[PDB]
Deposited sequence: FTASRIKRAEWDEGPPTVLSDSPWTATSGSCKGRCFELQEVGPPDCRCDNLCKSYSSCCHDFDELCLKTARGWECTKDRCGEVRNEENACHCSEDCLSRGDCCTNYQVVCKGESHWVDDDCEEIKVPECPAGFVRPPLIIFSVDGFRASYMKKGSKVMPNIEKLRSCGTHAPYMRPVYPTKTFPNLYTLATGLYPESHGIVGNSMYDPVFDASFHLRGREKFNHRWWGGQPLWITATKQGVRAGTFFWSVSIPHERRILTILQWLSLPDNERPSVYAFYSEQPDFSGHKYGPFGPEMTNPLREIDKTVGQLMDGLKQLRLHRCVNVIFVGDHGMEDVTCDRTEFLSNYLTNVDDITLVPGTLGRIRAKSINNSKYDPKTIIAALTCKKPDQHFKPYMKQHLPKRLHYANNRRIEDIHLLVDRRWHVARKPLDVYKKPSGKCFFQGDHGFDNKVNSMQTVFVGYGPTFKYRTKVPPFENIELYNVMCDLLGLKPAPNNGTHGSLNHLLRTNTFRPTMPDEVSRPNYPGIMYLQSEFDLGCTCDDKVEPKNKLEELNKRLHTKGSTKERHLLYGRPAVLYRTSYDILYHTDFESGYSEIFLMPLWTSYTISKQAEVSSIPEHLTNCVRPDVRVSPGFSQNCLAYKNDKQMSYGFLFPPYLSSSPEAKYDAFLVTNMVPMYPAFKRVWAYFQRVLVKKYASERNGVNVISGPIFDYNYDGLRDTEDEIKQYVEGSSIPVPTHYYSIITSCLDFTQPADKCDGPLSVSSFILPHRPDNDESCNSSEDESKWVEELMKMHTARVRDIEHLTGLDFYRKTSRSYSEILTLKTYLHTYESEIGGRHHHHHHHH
């Protein structure tokens, strides 16, 4: 109950929300159906419109008016935003030349430049160029400030997950808003766009920027706006707050527009009807900037213009129906649309089986427009598994498509022409970022980056210490004139051992064989130097990775590769090697086909054994340094060491062999040499983080050889490809992947064809950031470069998307 008989007199858009049944006058009261009776009359005034006119100039103040044109309005802070233009002969902000803002130019009593976050729903990245002619205020912000060509949203590319990621710096799996619609099995409660449950605080995890600010003594304007409050009123309210006395005035503000998303759904991302919504948004921006200019705040405030996701062409006729695949369609619940999530309709159904559901949904029609996954098998770059609100079964839907349970759901619930939610690397889902103000750089373009990085920057802009989050703090330092955050590299926790020759061949009883006993002081000194690390500068270009947890491991040197060998996991944590543009591919000689050689530096007790693989009828093995790329017939023996071996399903070896035999050489040719670091990943609990030894769920039969869930590789070269990878003077270029180690290739519908028709496509889907691999391995890469650490942090967050131009 709310006894709405109290009053909003002097309380309009109050920052501190009052507790029921005391009626509310805050910018959310409408949403809670709890405003005081006089809210509309006092707080949502509209009389005379939103603009001053020549005859209103100098007028006597009339408190019924929506905004004012009287002499006292500036000090009162409630002039219409075009007041000085109409009445005092000023120019609109957009018509002024831009001038570098070297320092904040703020009124006396401002303790820090305010931050205003201007967020636009469904503002696709390509609107910046394609709509440039009709958005002159936004074009000025973009060209005069700091801008990215696009900003990557999080998956799923829906509104709530992305706005809450913006506020927290967290992946949806960690902040808990994993979709626009959710069932939480622990609460046994559902979250929906319509309705009351979404206001319960138990949905919302992490620590959003407004709480971070408050806890550290920085005042915040309210971020959420009830949909009915007109945009002009939201802007005038912000301007009024900025006119409060020093002790009451917030330092951070948010504006939110439901456009262009709302029209985008109805007309498609580029429907002709889209011009007007873009014009109207640009007009709102201009009202904000004109209003700031009137208050002498237009060179004081930092403004962020940011979208939550883009918009794609999607119509009713592009719907796949689960009823075309499943006979049991009524025993499941589908969360539908541009992604799918499936659970059992009833938990009392003992016959429900996710394995047979997956199989009935796998590669059944030739151009099937969705792909089923257990959530732990989704591309790791999506970070979309570690939450009980994410159903075990997931459908990744092709761009431009919908999935639905039955045809009746679509025609009984064509309206729409646009939608979003798809894979966050899809071009049409990309969104925008512009930063403008004294703290941002002037006329600067920065590379694309992910929205999880913004929370840290907004903290930096406000002098706040960020809560723990998924951004990499420092990786956006190149956006900023000052207030950069200067992190130190993490300290290595475990130092390596450097074992020499310590074991005789006959001490090994591993069931391994190699035809290698075929026999010189010239080249015997030479081989010992290679084993002492004489070629390590060639194969370890950026220093060895640092181990950031407590463990026991060895550095092993070789002619062609260097490795950090885990005595706990019985295999390398990492293997590093460089392949020049000139390098040659050879084959495995016949006599060495099943050769596995004991490593006399490493005890039998800390070694894998061949008998375990013989006995394990499902498990085979591969090598981290590829024998195919050995530098000489004599160096090739090193690649057959038991310490270079790793467990691989036969199905996975098809993938791995094509990457090692074909793709590495191809990249070396295209990039002028590549350095490669490859290794295993164990993430059995799908939390995105390195598993400890006791979390491993599968071993090679009869052994303590743990089976990786994934294999990574990090492929680095010179950004200036006219310099060879091993002789690079400047910035680096990287691409990486985290391939799932799976016993079949069901994921790849064309896998019965030659690897050249399907392996690269799989690899592209499982592209990764170095930083993703770091979380998954507890390693820290690029420790020894000639580059600034912030620049290296940016490199570590780079994702190679394989999408055509934006």
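Chemist: What's missing from the model if you number the deposited sequence from 1?
Modeler: Missing from the model are residues 1-23, 437-440, 547-548, 836-846.
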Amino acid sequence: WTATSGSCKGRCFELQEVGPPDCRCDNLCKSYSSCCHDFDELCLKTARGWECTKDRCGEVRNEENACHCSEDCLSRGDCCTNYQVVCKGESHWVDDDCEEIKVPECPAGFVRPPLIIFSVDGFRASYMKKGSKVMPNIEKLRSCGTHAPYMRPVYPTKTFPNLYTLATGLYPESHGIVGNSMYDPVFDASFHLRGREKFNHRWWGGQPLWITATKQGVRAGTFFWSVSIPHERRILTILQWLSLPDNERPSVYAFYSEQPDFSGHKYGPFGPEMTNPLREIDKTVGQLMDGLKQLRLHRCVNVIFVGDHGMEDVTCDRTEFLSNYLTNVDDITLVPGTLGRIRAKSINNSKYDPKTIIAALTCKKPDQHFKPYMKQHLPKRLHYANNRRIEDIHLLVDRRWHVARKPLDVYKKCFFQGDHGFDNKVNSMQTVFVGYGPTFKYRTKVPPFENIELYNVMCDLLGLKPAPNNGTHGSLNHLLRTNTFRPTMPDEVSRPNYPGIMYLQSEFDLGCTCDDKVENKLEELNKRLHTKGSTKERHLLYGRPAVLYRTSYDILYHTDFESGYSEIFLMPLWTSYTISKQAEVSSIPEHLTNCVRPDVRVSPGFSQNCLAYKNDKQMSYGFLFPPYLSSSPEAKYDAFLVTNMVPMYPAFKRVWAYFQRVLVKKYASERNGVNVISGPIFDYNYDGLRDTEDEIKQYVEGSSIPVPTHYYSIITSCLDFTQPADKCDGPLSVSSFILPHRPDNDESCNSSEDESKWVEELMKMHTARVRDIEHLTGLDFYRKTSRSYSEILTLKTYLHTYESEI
From here on, numbers count along this sequence of modelled residues.
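Whichever C-alpha set is largest while still superposing within 1.5 Å between the two forms counts as the rigid core.
Chemist: Superpose on the core, then say which of 520-528 and 305-313 ends up with the larger RMS Cα offset from this form in 6 other deposited structures of this protein.
Modeler: Farther from the shown form on average in 6 other deposited structures of this protein: 520-528.
Chemist: If you average the Cα B factors in the entry, which is higher, 751-759 or 774-782?
Modeler: Stretch with the higher mean C-alpha B-factor: 751-759.
Chemist: Which wins on mean Cα temperature factor, 298-306 or 201-209?
Modeler: Mean C-alpha B-factor is greater for 201-209.
Chemist: With respect to the C-alpha temperature factors reported in the PDB entry, which of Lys665, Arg550, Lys364, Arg654 ranks highest?
Modeler: Comparing C-alpha B-factors across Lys665, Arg550, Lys364, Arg654, the maximum falls on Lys364.
Chemist: Determine which member of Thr513, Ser576, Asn162, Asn386 has the highest CA B-factor, using the values in the deposited entry.
Modeler: Answer, based on the entry's C-alpha B-factors: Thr513.
Chemist: Please place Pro743 in the lowest, middle or highest third of its chain by C-alpha B factor as given in the entry.
Modeler: It belongs to the middle third of the chain when residues are ordered by C-alpha B-factor.
Chemist: Please rank the C-alpha B-factors of the chain's modelled residues and tell me whether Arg381 sits in the lowest, middle or highest third.
Modeler: Answer is lowest: the recorded C-alpha B-factor places it there.
Chemist: Test of reading the entry: by CA B factor among the chain's modelled residues, which third contains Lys30?
Modeler: Ranked within chain, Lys30 CA B lands in the highest tercile.
Chemist: Going by the CA temperature factor in the PDB record, which third of the chain does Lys764 belong to: lowest, middle or highest?
Modeler: Within its chain, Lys764 is a middle-third residue by C-alpha B-factor, going by the deposited values.
Chemist: Considering every modelled residue of the chain and its Cα B-factor in the PDB entry, is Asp423 in the lowest, middle or highest third?
Modeler: Its C-alpha B-factor belongs to the lowest third of this chain's values.
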